$ cat protein_9.pdb   # PDB, C-alpha atoms and all ligand atoms
ATOM      1  CA  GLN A  18    -304.616  53.667 108.272  1.00  0.00           C
ATOM      2  CA  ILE A  19    -304.785  49.994 107.076  1.00  0.00           C
ATOM      3  CA  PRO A  20    -302.191  48.799 104.451  1.00  0.00           C
ATOM      4  CA  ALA A  21    -303.221  47.755 100.865  1.00  0.00           C
ATOM      5  CA  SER A  22    -302.108  44.442 100.972  1.00  0.00           C
ATOM      6  CA  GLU A  23    -300.134  42.775 103.793  1.00  0.00           C
ATOM      7  CA  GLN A  24    -297.001  43.258 101.594  1.00  0.00           C
ATOM      8  CA  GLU A  25    -297.707  47.060 101.807  1.00  0.00           C
ATOM      9  CA  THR A  26    -297.577  47.075 105.666  1.00  0.00           C
ATOM     10  CA  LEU A  27    -295.229  50.000 106.702  1.00  0.00           C
ATOM     11  CA  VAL A  28    -292.426  49.053 109.092  1.00  0.00           C
ATOM     12  CA  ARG A  29    -289.428  50.629 110.827  1.00  0.00           C
ATOM     13  CA  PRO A  30    -286.556  48.102 111.017  1.00  0.00           C
ATOM     14  CA  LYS A  31    -284.858  47.936 114.409  1.00  0.00           C
ATOM     15  CA  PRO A  32    -281.305  49.395 114.464  1.00  0.00           C
ATOM     16  CA  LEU A  33    -279.299  46.295 113.480  1.00  0.00           C
ATOM     17  CA  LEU A  34    -281.678  45.247 110.718  1.00  0.00           C
ATOM     18  CA  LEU A  35    -281.737  48.903 109.515  1.00  0.00           C
ATOM     19  CA  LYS A  36    -277.893  48.859 109.429  1.00  0.00           C
ATOM     20  CA  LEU A  37    -278.041  45.632 107.358  1.00  0.00           C
ATOM     21  CA  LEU A  38    -280.544  47.090 104.821  1.00  0.00           C
ATOM     22  CA  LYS A  39    -278.622  50.369 104.454  1.00  0.00           C
ATOM     23  CA  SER A  40    -275.371  48.367 103.765  1.00  0.00           C
ATOM     24  CA  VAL A  41    -276.923  47.246 100.426  1.00  0.00           C
ATOM     25  CA  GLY A  42    -278.195  50.647  99.199  1.00  0.00           C
ATOM     26  CA  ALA A  43    -281.456  51.098 101.145  1.00  0.00           C
ATOM     27  CA  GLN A  44    -281.816  54.856 101.762  1.00  0.00           C
ATOM     28  CA  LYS A  45    -285.058  54.790 103.824  1.00  0.00           C
ATOM     29  CA  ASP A  46    -285.952  54.418 107.534  1.00  0.00           C
ATOM     30  CA  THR A  47    -289.542  53.314 106.749  1.00  0.00           C
ATOM     31  CA  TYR A  48    -290.194  50.403 104.376  1.00  0.00           C
ATOM     32  CA  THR A  49    -292.970  48.211 103.082  1.00  0.00           C
ATOM     33  CA  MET A  50    -292.620  44.482 103.934  1.00  0.00           C
ATOM     34  CA  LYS A  51    -292.021  43.966 100.144  1.00  0.00           C
ATOM     35  CA  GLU A  52    -289.030  46.390 100.342  1.00  0.00           C
ATOM     36  CA  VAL A  53    -287.575  44.635 103.410  1.00  0.00           C
ATOM     37  CA  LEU A  54    -287.669  41.291 101.469  1.00  0.00           C
ATOM     38  CA  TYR A  55    -286.090  43.021  98.455  1.00  0.00           C
ATOM     39  CA  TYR A  56    -283.130  44.514 100.416  1.00  0.00           C
ATOM     40  CA  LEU A  57    -282.582  41.282 102.364  1.00  0.00           C
ATOM     41  CA  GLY A  58    -282.350  39.703  98.892  1.00  0.00           C
ATOM     42  CA  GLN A  59    -279.691  42.268  97.864  1.00  0.00           C
ATOM     43  CA  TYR A  60    -277.780  41.407 101.051  1.00  0.00           C
ATOM     44  CA  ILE A  61    -277.881  37.618 100.504  1.00  0.00           C
ATOM     45  CA  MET A  62    -276.849  38.033  96.837  1.00  0.00           C
ATOM     46  CA  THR A  63    -273.953  40.526  97.391  1.00  0.00           C
ATOM     47  CA  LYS A  64    -272.542  38.592 100.394  1.00  0.00           C
ATOM     48  CA  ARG A  65    -273.107  35.202  98.591  1.00  0.00           C
ATOM     49  CA  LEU A  66    -274.845  33.680 101.657  1.00  0.00           C
ATOM     50  CA  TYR A  67    -276.487  30.872  99.635  1.00  0.00           C
ATOM     51  CA  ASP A  68    -275.332  27.316  99.017  1.00  0.00           C
ATOM     52  CA  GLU A  69    -273.934  27.080  95.444  1.00  0.00           C
ATOM     53  CA  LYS A  70    -275.385  23.505  95.118  1.00  0.00           C
ATOM     54  CA  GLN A  71    -278.677  24.284  97.014  1.00  0.00           C
ATOM     55  CA  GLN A  72    -279.580  27.940  96.220  1.00  0.00           C
ATOM     56  CA  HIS A  73    -282.789  27.789  98.338  1.00  0.00           C
ATOM     57  CA  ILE A  74    -280.667  27.427 101.564  1.00  0.00           C
ATOM     58  CA  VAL A  75    -279.213  30.593 103.105  1.00  0.00           C
ATOM     59  CA  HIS A  76    -276.122  29.994 105.318  1.00  0.00           C
ATOM     60  CA  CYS A  77    -275.721  32.849 107.829  1.00  0.00           C
ATOM     61  CA  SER A  78    -274.215  31.392 111.081  1.00  0.00           C
ATOM     62  CA  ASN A  79    -271.256  33.844 111.037  1.00  0.00           C
ATOM     63  CA  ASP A  80    -273.146  36.857 109.668  1.00  0.00           C
ATOM     64  CA  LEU A  81    -275.326  39.626 111.116  1.00  0.00           C
ATOM     65  CA  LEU A  82    -278.312  38.096 109.185  1.00  0.00           C
ATOM     66  CA  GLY A  83    -277.912  34.896 111.269  1.00  0.00           C
ATOM     67  CA  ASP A  84    -277.599  36.874 114.530  1.00  0.00           C
ATOM     68  CA  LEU A  85    -280.769  38.837 113.793  1.00  0.00           C
ATOM     69  CA  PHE A  86    -282.826  35.882 112.496  1.00  0.00           C
ATOM     70  CA  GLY A  87    -281.508  33.646 115.290  1.00  0.00           C
ATOM     71  CA  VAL A  88    -280.687  30.706 112.967  1.00  0.00           C
ATOM     72  CA  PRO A  89    -277.496  29.332 111.348  1.00  0.00           C
ATOM     73  CA  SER A  90    -279.357  28.616 108.071  1.00  0.00           C
ATOM     74  CA  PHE A  91    -282.853  28.629 106.631  1.00  0.00           C
ATOM     75  CA  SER A  92    -284.816  27.748 103.498  1.00  0.00           C
ATOM     76  CA  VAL A  93    -286.046  30.672 101.343  1.00  0.00           C
ATOM     77  CA  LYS A  94    -289.196  28.535 100.677  1.00  0.00           C
ATOM     78  CA  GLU A  95    -290.261  28.680 104.371  1.00  0.00           C
ATOM     79  CA  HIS A  96    -292.068  32.049 104.201  1.00  0.00           C
ATOM     80  CA  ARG A  97    -293.865  31.632 107.624  1.00  0.00           C
ATOM     81  CA  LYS A  98    -290.537  31.113 109.403  1.00  0.00           C
ATOM     82  CA  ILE A  99    -288.884  34.017 107.531  1.00  0.00           C
ATOM     83  CA  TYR A 100    -291.740  36.418 108.356  1.00  0.00           C
ATOM     84  CA  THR A 101    -291.488  35.377 112.065  1.00  0.00           C
ATOM     85  CA  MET A 102    -287.745  36.131 112.027  1.00  0.00           C
ATOM     86  CA  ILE A 103    -288.156  39.501 110.196  1.00  0.00           C
ATOM     87  CA  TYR A 104    -291.028  40.655 112.480  1.00  0.00           C
ATOM     88  CA  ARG A 105    -288.794  40.310 115.614  1.00  0.00           C
ATOM     89  CA  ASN A 106    -286.493  42.911 113.957  1.00  0.00           C
ATOM     90  CA  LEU A 107    -289.011  45.620 113.196  1.00  0.00           C
ATOM     91  CA  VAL A 108    -291.847  47.745 114.507  1.00  0.00           C
ATOM     92  CA  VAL A 109    -294.995  48.399 112.561  1.00  0.00           C
ATOM     93  CA  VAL A 110    -295.678  52.101 111.783  1.00  0.00           C
ATOM     94  CA  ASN A 111    -298.629  54.237 110.494  1.00  0.00           C
ATOM     95  CA  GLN A 112    -299.077  55.607 106.924  1.00  0.00           C
ATOM     96  CA  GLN A 113    -298.267  59.215 108.058  1.00  0.00           C
TER      97      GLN A 113
HETATM   98  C1  LIG A 201    -286.283  34.109  92.996  1.00  0.00           C
HETATM   99  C2  LIG A 201    -285.432  35.312  92.560  1.00  0.00           C
HETATM  100  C3  LIG A 201    -285.303  36.377  93.688  1.00  0.00           C
HETATM  101  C4  LIG A 201    -284.868  35.845  95.110  1.00  0.00           C
HETATM  102  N1  LIG A 201    -283.474  35.324  95.013  1.00  0.00           N
HETATM  103  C5  LIG A 201    -283.291  33.944  95.176  1.00  0.00           C
HETATM  104  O1  LIG A 201    -284.149  33.129  95.487  1.00  0.00           O
HETATM  105  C6  LIG A 201    -281.880  33.437  94.918  1.00  0.00           C
HETATM  106  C7  LIG A 201    -281.445  33.460  93.556  1.00  0.00           C
HETATM  107  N2  LIG A 201    -280.216  32.936  93.223  1.00  0.00           N
HETATM  108  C8  LIG A 201    -279.386  32.390  94.187  1.00  0.00           C
HETATM  109  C9  LIG A 201    -279.780  32.364  95.550  1.00  0.00           C
HETATM  110  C10 LIG A 201    -281.040  32.894  95.919  1.00  0.00           C
HETATM  111  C11 LIG A 201    -281.520  32.843  97.401  1.00  0.00           C
HETATM  112  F1  LIG A 201    -280.545  32.628  98.267  1.00  0.00           F
HETATM  113  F2  LIG A 201    -282.083  33.977  97.773  1.00  0.00           F
HETATM  114  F3  LIG A 201    -282.422  31.892  97.632  1.00  0.00           F
HETATM  115  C12 LIG A 201    -282.327  36.312  95.019  1.00  0.00           C
HETATM  116  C13 LIG A 201    -282.484  37.433  96.070  1.00  0.00           C
HETATM  117  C14 LIG A 201    -283.915  37.991  96.069  1.00  0.00           C
HETATM  118  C15 LIG A 201    -284.999  36.880  96.298  1.00  0.00           C
HETATM  119  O2  LIG A 201    -284.684  36.083  97.489  1.00  0.00           O
HETATM  120  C16 LIG A 201    -284.889  36.505  98.775  1.00  0.00           C
HETATM  121  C17 LIG A 201    -285.311  37.809  99.111  1.00  0.00           C
HETATM  122  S1  LIG A 201    -285.448  38.037 100.770  1.00  0.00           S
HETATM  123  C18 LIG A 201    -284.975  36.442 101.035  1.00  0.00           C
HETATM  124  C19 LIG A 201    -284.838  35.820 102.397  1.00  0.00           C
HETATM  125  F4  LIG A 201    -285.944  35.289 102.846  1.00  0.00           F
HETATM  126  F5  LIG A 201    -283.956  34.856 102.493  1.00  0.00           F
HETATM  127  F6  LIG A 201    -284.468  36.692 103.289  1.00  0.00           F
HETATM  128  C20 LIG A 201    -284.694  35.697  99.931  1.00  0.00           C
HETATM  129  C21 LIG A 201    -286.453  37.439  96.342  1.00  0.00           C
HETATM  130  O3  LIG A 201    -286.613  38.644  96.060  1.00  0.00           O
HETATM  131  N3  LIG A 201    -287.582  36.681  96.688  1.00  0.00           N
HETATM  132  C22 LIG A 201    -288.887  37.408  96.765  1.00  0.00           C
HETATM  133  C23 LIG A 201    -289.395  37.265  98.228  1.00  0.00           C
HETATM  134  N4  LIG A 201    -289.455  35.794  98.687  1.00  0.00           N
HETATM  135  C24 LIG A 201    -290.025  35.629 100.019  1.00  0.00           C
HETATM  136  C25 LIG A 201    -289.284  35.214 101.160  1.00  0.00           C
HETATM  137  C26 LIG A 201    -289.872  35.110 102.435  1.00  0.00           C
HETATM  138  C27 LIG A 201    -291.229  35.427 102.603  1.00  0.00           C
HETATM  139  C28 LIG A 201    -292.004  35.837 101.513  1.00  0.00           C
HETATM  140  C29 LIG A 201    -291.411  35.925 100.207  1.00  0.00           C
HETATM  141  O4  LIG A 201    -292.182  36.248  99.106  1.00  0.00           O
HETATM  142  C30 LIG A 201    -293.588  36.443  99.259  1.00  0.00           C
HETATM  143  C31 LIG A 201    -293.917  37.524  98.194  1.00  0.00           C
HETATM  144  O5  LIG A 201    -293.171  38.686  98.464  1.00  0.00           O
HETATM  145  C32 LIG A 201    -288.140  35.093  98.524  1.00  0.00           C
HETATM  146  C33 LIG A 201    -287.672  35.214  97.041  1.00  0.00           C
END

$ encode --input "protein_9.pdb" --output "structure tokens" --more "lines below"
Ligand SMILES: CCC[C@H]1N(C(=O)c2cnccc2C(F)(F)F)CCC[C@@]1(Oc1csc(C(F)(F)F)c1)C(=O)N1CCN(c2ccccc2OCCO)CC1
Amino acid sequence: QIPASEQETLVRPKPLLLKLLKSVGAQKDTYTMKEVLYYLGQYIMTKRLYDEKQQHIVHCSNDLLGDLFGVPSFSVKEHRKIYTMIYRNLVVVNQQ
């Protein structure tokens, strides 16, 4: 019933975030929070959404990531903010 681990919470991304994750090789409909962070990472890296000079800043004002997170840019170091933005794009599910 209860996840391991917060990072092992099972989630079902909402349609647009699911679309985003599947665009970078994610084959699932249910993910752990760790997996969502991993695939978002694949997305940022393949689409080169980071600042070449300041790699901790993601620039996403003209990308689906920006539309879903609701920000033009954000710092990868601000975990609290990033979790808030991800949570709005998913639903928590049970381990069955
Ligand atoms: C450090 C090496 C791996 C990371 N990485 C880079 O930092 C990077 C490397 N070179 C150039 C530019 C970048 C980057 F733009 F992203 F900053 C490359 C992609 C994967 C990479 O970053 C991201 C994945 S999701 C993501 C976000 F929030 F923007 F959407 C960013 C990554 O896996 N982590 C691990 C997860 N972590 C994190 C973020 C938010 C909340 C909690 C978190 O961790 C808690 C433990 O799980 C961020 C770092």

$ residues_around --input "protein_9.pdb" --residues "residue A:37" --least-positions-apart "6" --cutoff "10 Å" --atoms "all atoms listed in the file" --output "ChimeraX atom specification"
/A:30,43,56-57,60,81-82,85

$ write_last_selection --input "protein_9.pdb" --atoms "C-alpha atoms" --output "PDB file, keeping the file's coordinate frame"
ATOM      1  CA  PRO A  30    -286.556  48.102 111.017  1.00  0.00           C
ATOM      2  CA  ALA A  43    -281.456  51.098 101.145  1.00  0.00           C
ATOM      3  CA  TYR A  56    -283.130  44.514 100.416  1.00  0.00           C
ATOM      4  CA  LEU A  57    -282.582  41.282 102.364  1.00  0.00           C
ATOM      5  CA  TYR A  60    -277.780  41.407 101.051  1.00  0.00           C
ATOM      6  CA  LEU A  81    -275.326  39.626 111.116  1.00  0.00           C
ATOM      7  CA  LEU A  82    -278.312  38.096 109.185  1.00  0.00           C
ATOM      8  CA  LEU A  85    -280.769  38.837 113.793  1.00  0.00           C
TER       9      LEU A  85
END

$ residues_near_ligand --input "protein_9.pdb" --ligand "ligand LIG 201 (chain A)" --cutoff "12 Å" --atoms "only C-alpha atoms and all ligand atoms" --output "ChimeraX atom specification"
/A:22-26,34,37-38,49-77,82-83,85-86,88,90-104

$ atom_distance --input "protein_9.pdb" --atom1 "atom CA of residue A:107" --atom2 "atom CA of residue A:21"
18.9 Å

$ residues_around --input "protein_9.pdb" --residues "residue A:48" --least-positions-apart "6" --cutoff "7 Å" --atoms "all atoms listed in the file" --output "list in words"
residues 27, 28 and 29 of chain A

$ atom_distance --input "protein_9.pdb" --atom1 "atom CA of residue A:35" --atom2 "atom CA of residue A:108"
11.3 Å

$ atom_distance --input "protein_9.pdb" --atom1 "atom CA of residue A:79" --atom2 "atom CA of residue A:105"
19.2 Å

$ closest_residue --input "protein_9.pdb" --among "A:89, A:112, A:33, A:84" --to "residue A:47" --atoms "only C-alpha atoms"
A:112

$ axis_aligned_box --input "protein_9.pdb" --around "stretch 49-60 of chain A" --padding-each-side "3 Å" --output "JSON"
{"center_x": -285.4, "center_y": 44.0, "center_z": 100.9, "size_x": 21.2, "size_y": 14.5, "size_z": 12.1}

$ build_atoms --input "protein_9.pdb" --residues "stretch 49-79 of chain A" --atoms "N, CA and C atoms" --output "PDB file, in the frame of the given file"
ATOM      1  N   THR A  49    -291.854  49.140 103.171  1.00  0.00           N
ATOM      2  CA  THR A  49    -292.970  48.211 103.082  1.00  0.00           C
ATOM      3  C   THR A  49    -292.319  46.838 103.359  1.00  0.00           C
ATOM      4  N   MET A  50    -293.125  45.838 103.724  1.00  0.00           N
ATOM      5  CA  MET A  50    -292.620  44.482 103.934  1.00  0.00           C
ATOM      6  C   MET A  50    -291.987  43.961 102.616  1.00  0.00           C
ATOM      7  N   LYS A  51    -292.559  44.350 101.453  1.00  0.00           N
ATOM      8  CA  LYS A  51    -292.021  43.966 100.144  1.00  0.00           C
ATOM      9  C   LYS A  51    -290.577  44.493  99.996  1.00  0.00           C
ATOM     10  N   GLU A  52    -290.343  45.748 100.401  1.00  0.00           N
ATOM     11  CA  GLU A  52    -289.030  46.390 100.342  1.00  0.00           C
ATOM     12  C   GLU A  52    -288.038  45.738 101.283  1.00  0.00           C
ATOM     13  N   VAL A  53    -288.482  45.303 102.481  1.00  0.00           N
ATOM     14  CA  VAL A  53    -287.575  44.635 103.410  1.00  0.00           C
ATOM     15  C   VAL A  53    -287.095  43.311 102.740  1.00  0.00           C
ATOM     16  N   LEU A  54    -288.017  42.543 102.143  1.00  0.00           N
ATOM     17  CA  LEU A  54    -287.669  41.291 101.469  1.00  0.00           C
ATOM     18  C   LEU A  54    -286.716  41.569 100.306  1.00  0.00           C
ATOM     19  N   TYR A  55    -286.945  42.665  99.581  1.00  0.00           N
ATOM     20  CA  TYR A  55    -286.090  43.021  98.455  1.00  0.00           C
ATOM     21  C   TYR A  55    -284.642  43.288  98.910  1.00  0.00           C
ATOM     22  N   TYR A  56    -284.459  44.147  99.937  1.00  0.00           N
ATOM     23  CA  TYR A  56    -283.130  44.514 100.416  1.00  0.00           C
ATOM     24  C   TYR A  56    -282.420  43.366 101.112  1.00  0.00           C
ATOM     25  N   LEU A  57    -283.168  42.488 101.781  1.00  0.00           N
ATOM     26  CA  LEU A  57    -282.582  41.282 102.364  1.00  0.00           C
ATOM     27  C   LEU A  57    -282.017  40.428 101.228  1.00  0.00           C
ATOM     28  N   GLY A  58    -282.741  40.410 100.112  1.00  0.00           N
ATOM     29  CA  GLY A  58    -282.350  39.703  98.892  1.00  0.00           C
ATOM     30  C   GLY A  58    -281.056  40.254  98.326  1.00  0.00           C
ATOM     31  N   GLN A  59    -280.913  41.598  98.329  1.00  0.00           N
ATOM     32  CA  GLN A  59    -279.691  42.268  97.864  1.00  0.00           C
ATOM     33  C   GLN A  59    -278.525  41.885  98.753  1.00  0.00           C
ATOM     34  N   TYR A  60    -278.786  41.772 100.067  1.00  0.00           N
ATOM     35  CA  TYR A  60    -277.780  41.407 101.051  1.00  0.00           C
ATOM     36  C   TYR A  60    -277.288  39.978 100.846  1.00  0.00           C
ATOM     37  N   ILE A  61    -278.219  39.030 100.720  1.00  0.00           N
ATOM     38  CA  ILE A  61    -277.881  37.618 100.504  1.00  0.00           C
ATOM     39  C   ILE A  61    -277.081  37.453  99.206  1.00  0.00           C
ATOM     40  N   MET A  62    -277.527  38.128  98.134  1.00  0.00           N
ATOM     41  CA  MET A  62    -276.849  38.033  96.837  1.00  0.00           C
ATOM     42  C   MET A  62    -275.446  38.646  96.834  1.00  0.00           C
ATOM     43  N   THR A  63    -275.270  39.872  97.382  1.00  0.00           N
ATOM     44  CA  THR A  63    -273.953  40.526  97.391  1.00  0.00           C
ATOM     45  C   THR A  63    -272.953  39.798  98.290  1.00  0.00           C
ATOM     46  N   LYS A  64    -273.409  39.297  99.450  1.00  0.00           N
ATOM     47  CA  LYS A  64    -272.542  38.592 100.394  1.00  0.00           C
ATOM     48  C   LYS A  64    -272.399  37.091 100.106  1.00  0.00           C
ATOM     49  N   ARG A  65    -273.083  36.603  99.042  1.00  0.00           N
ATOM     50  CA  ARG A  65    -273.107  35.202  98.591  1.00  0.00           C
ATOM     51  C   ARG A  65    -273.400  34.233  99.752  1.00  0.00           C
ATOM     52  N   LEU A  66    -274.486  34.506 100.503  1.00  0.00           N
ATOM     53  CA  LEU A  66    -274.845  33.680 101.657  1.00  0.00           C
ATOM     54  C   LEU A  66    -275.620  32.412 101.299  1.00  0.00           C
ATOM     55  N   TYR A  67    -275.767  32.089 100.026  1.00  0.00           N
ATOM     56  CA  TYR A  67    -276.487  30.872  99.635  1.00  0.00           C
ATOM     57  C   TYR A  67    -275.533  29.742  99.296  1.00  0.00           C
ATOM     58  N   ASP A  68    -276.070  28.522  99.332  1.00  0.00           N
ATOM     59  CA  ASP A  68    -275.332  27.316  99.017  1.00  0.00           C
ATOM     60  C   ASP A  68    -275.290  27.211  97.483  1.00  0.00           C
ATOM     61  N   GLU A  69    -274.091  27.149  96.902  1.00  0.00           N
ATOM     62  CA  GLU A  69    -273.934  27.080  95.444  1.00  0.00           C
ATOM     63  C   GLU A  69    -274.688  25.886  94.817  1.00  0.00           C
ATOM     64  N   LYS A  70    -274.687  24.732  95.508  1.00  0.00           N
ATOM     65  CA  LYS A  70    -275.385  23.505  95.118  1.00  0.00           C
ATOM     66  C   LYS A  70    -276.898  23.595  95.414  1.00  0.00           C
ATOM     67  N   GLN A  71    -277.279  24.165  96.582  1.00  0.00           N
ATOM     68  CA  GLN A  71    -278.677  24.284  97.014  1.00  0.00           C
ATOM     69  C   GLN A  71    -279.009  25.759  97.269  1.00  0.00           C
ATOM     70  N   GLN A  72    -279.312  26.496  96.194  1.00  0.00           N
ATOM     71  CA  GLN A  72    -279.580  27.940  96.220  1.00  0.00           C
ATOM     72  C   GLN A  72    -280.760  28.377  97.098  1.00  0.00           C
ATOM     73  N   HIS A  73    -281.682  27.455  97.435  1.00  0.00           N
ATOM     74  CA  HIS A  73    -282.789  27.789  98.338  1.00  0.00           C
ATOM     75  C   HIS A  73    -282.358  27.869  99.819  1.00  0.00           C
ATOM     76  N   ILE A  74    -281.145  27.386 100.176  1.00  0.00           N
ATOM     77  CA  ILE A  74    -280.667  27.427 101.564  1.00  0.00           C
ATOM     78  C   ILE A  74    -279.724  28.609 101.795  1.00  0.00           C
ATOM     79  N   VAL A  75    -280.083  29.478 102.739  1.00  0.00           N
ATOM     80  CA  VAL A  75    -279.213  30.593 103.105  1.00  0.00           C
ATOM     81  C   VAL A  75    -278.365  30.136 104.277  1.00  0.00           C
ATOM     82  N   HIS A  76    -277.039  30.338 104.219  1.00  0.00           N
ATOM     83  CA  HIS A  76    -276.122  29.994 105.318  1.00  0.00           C
ATOM     84  C   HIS A  76    -275.638  31.322 105.927  1.00  0.00           C
ATOM     85  N   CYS A  77    -275.971  31.553 107.202  1.00  0.00           N
ATOM     86  CA  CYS A  77    -275.721  32.849 107.829  1.00  0.00           C
ATOM     87  C   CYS A  77    -275.221  32.760 109.282  1.00  0.00           C
ATOM     88  N   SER A  78    -274.617  31.624 109.681  1.00  0.00           N
ATOM     89  CA  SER A  78    -274.215  31.392 111.081  1.00  0.00           C
ATOM     90  C   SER A  78    -273.165  32.372 111.615  1.00  0.00           C
ATOM     91  N   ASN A  79    -272.333  32.920 110.701  1.00  0.00           N
ATOM     92  CA  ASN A  79    -271.256  33.844 111.037  1.00  0.00           C
ATOM     93  C   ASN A  79    -271.493  35.243 110.449  1.00  0.00           C
TER      94      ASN A  79
END
